[PDB]
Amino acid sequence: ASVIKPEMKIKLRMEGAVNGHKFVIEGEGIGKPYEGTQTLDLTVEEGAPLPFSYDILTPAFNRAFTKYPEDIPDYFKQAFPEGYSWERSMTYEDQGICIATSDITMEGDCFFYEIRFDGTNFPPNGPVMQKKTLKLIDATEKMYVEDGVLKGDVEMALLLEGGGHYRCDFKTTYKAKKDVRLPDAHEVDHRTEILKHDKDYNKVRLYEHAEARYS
């Protein structure tokens, strides 16, 4: 949508709690919506230092930053300037669970996210609470229309120290704030990388590259 410029700024605030630990993280960044790329600088403002793996947070920190082919309707870019929200359930293989939501709006050349993140039931000696995850493994999200909105299903894994995979299934519901042309079922490939961080991850620079396709 012509309101989506080739370069868009980002500002965000996340409030949440994981296994009883409350925290607030804010972020500023910039990305290229039509290239599917974005970089965020994230700062823990309350609850530092986080006692849990930062990798459970990174997909919560905007599918407007997805390269969409012209023959797949772009649910996310169509939704602006009004915007959209998303709601996400995440279930980890050791029964840790998370619920995250985001309300995404836009003013001028900047997106604004209001993010909520809640997680619980992580085993206190498991890889999340012991910060034993290395990264998110590249994953594919299956997008499909249901109940008049776009949904995405993901079976992905975090890489653990020692090479094990730590599996998480999540399901996201994406809700445009106005009617848009709904796409047929498709896929979004994600690559997610923490580019840099300070010692306690109070400061994190986070990158994503995402592209939509069929098959």
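Residue positions are given as counts along the sequence shown, with the first one as 1.
- Query: Between residues given as residue 68 and residue 69, how many of the deposited sequence are not built: none, 1 to 3, 4 to 9, or 10 or more?
  - Reply: Unmodelled stretch: none, continuous chain.
- Look over 83-91 and 103-111 in the entry and identify the one with the greater average Cα temperature factor. Taking the mean C-alpha B-factor of 83-91 and of 103-111, the larger value falls to 103-111.
- Name the higher of the two by mean Cα B-factor in the PDB entry, 10-18 versus 192-200. Looking at the record's C-alpha B-factors, the answer is 192-200.
- Query: Highest CA temperature factor in the entry: which of 174, 61, 54, 34?
  - Reply: If I rank 174, 61, 54, 34 by C-alpha B-factor, first place goes to 34.
- Query: Taking the C-alpha B-factors as the PDB entry records them, is residue 155 in the lowest, middle or highest third of its chain?
  - Reply: Its C-alpha B-factor, which the entry lists for residue 155, ranks in the middle third among residues of this chain.
- Query: Is the Cα B-factor recorded for residue 168 in the lowest, middle or highest third of its chain?
  - Reply: Tercile = lowest for this residue's CA B-factor.
- Give the position of residue 141 by CA B-factor within its chain, expressed as the lowest, middle or highest third. Middle third, going by the recorded CA B-factors of the chain.
- residue 133 by Cα B-factor - lowest, middle or highest third of the modelled chain: Residue 133: CA B-factor falls in the lowest third of its chain.
- Would the CA B-factor of residue 48 place it in the lowest, middle or highest third of its chain? Residue 48: CA B-factor falls in the highest third of its chain.
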